[PDB]
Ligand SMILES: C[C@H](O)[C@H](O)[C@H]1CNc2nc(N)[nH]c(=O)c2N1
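Take a look at this single chain, the form solved without the ligand, given in structure tokens.
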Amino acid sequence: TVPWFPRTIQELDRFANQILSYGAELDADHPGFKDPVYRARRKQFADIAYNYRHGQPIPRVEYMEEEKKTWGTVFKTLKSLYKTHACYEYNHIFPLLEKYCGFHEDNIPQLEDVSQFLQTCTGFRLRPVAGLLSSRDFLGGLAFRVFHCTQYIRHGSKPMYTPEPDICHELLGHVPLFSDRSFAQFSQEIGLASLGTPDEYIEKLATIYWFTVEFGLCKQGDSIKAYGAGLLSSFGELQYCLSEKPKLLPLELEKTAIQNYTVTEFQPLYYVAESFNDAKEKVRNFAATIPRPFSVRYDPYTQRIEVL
């Protein structure tokens, strides 16, 4: 048989009831483990994601001074590297995010405002997400240009560290790239390639996602820059990734999809994309080889996937 997949954007609502219910915040080594206030705050954000329904505005949240401080520290520290380390598309949109979304050290941008801004850029939109979605569900949302986004922030005791994505990572790492046309298309191609795809191939696409959307390097003229969200939200790894230490290889999906990696240390190897249009073409070609008895297409006019 073929695994179920949403045919309409509203159907993404099925995902909220298929996440991992025992999150990282519950682990003994989590920065906020012993903090009961943090614990309740996280549950509060998880309840918002749980009750969220496609089409609704994303609830605004008054962040505490402590949380704004953690955001400020992360913002301030990462900002210094973007001009020289981030890909052109990133730096091109950041000023706009600062002007229209309140991307500033003293303020944590609200997801609703960021979502509206993205929608006017590429039709991408955000949906608050509780915890960990399976790769199949996470990738599936991209097909509709929907990005499942965390709303909670890392624990304040370790502002430069997070064992999971949190709002700083989503907004400083992912968001600026989703405002780029080609990137949006490229991201969506991965999502489309995952619809109704067999588990074994979902894993291949998750790995490709890891080496592009999360830890990708882009060719820029005769130079190289970072566009991966995991890099763009990592002070240490962002500087490291463009140094002489890591091994760099051309994005080549047949090899990239099988490549192992660990999410604990700096990546020893990175794949370099020629451009987002090219990475998009490569994904499309790779999707072609995935054994699926059907073809899928997204119709932005009706917000439905057409199955051939």
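Quick note: we count residues from 1 along the sequence shown, nothing fancier.
Omitted here: the form deposited with the ligand bound. The next part is about that form.
Legend entry - Open or blocked, the ligand overlaid from its pose in the entry with it bound onto this form, 2.4 Å backbone/C-beta test: The pocket is open.
Legend entry - Contacting member of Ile224, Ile93, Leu132, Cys121, with respect to the ligand in the entry with it bound [4.5 Å, heavy atom]: Here the answer is residue option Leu132.
Inset, instruction - Name the residue from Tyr201, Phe138, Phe75, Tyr82 that puts a heavy atom within 4.5 Å of the ligand in the entry with it bound. - result: Residue within 4.5 Å of the partner: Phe138.
Inset, instruction - Have a look at 179 to 187, 140 to 148, 216 to 224, 101 to 109 and name the one stretch with heavy atoms inside 4.5 Å of the ligand in the entry with it bound. - result: In the other structure, the partner sits against 140 to 148.
Legend entry - 4.5 angstroms heavy atom contact with the ligand in the entry with it bound for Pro165: So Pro165 counts as contacting the ligand.
Legend entry - Touches the ligand in the entry with it bound: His155 (any heavy atom, 4.5 Å): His155 lies outside the contact set for the ligand.
Inset, instruction - Indicate whether the ligand has at least one heavy atom within 4.5 Å of a heavy atom of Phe117 in the entry with it bound. - result: Result no; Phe117 lies far from the ligand in the entry with it bound.
Inset, instruction - Give a yes/no on whether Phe294 approaches the ligand to within 4.5 Å in the entry with it bound, heavy atoms considered. - result: It does not: once the ligand is placed as it appears in the entry with it bound, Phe294 has no heavy atom within 4.5 Å of it.
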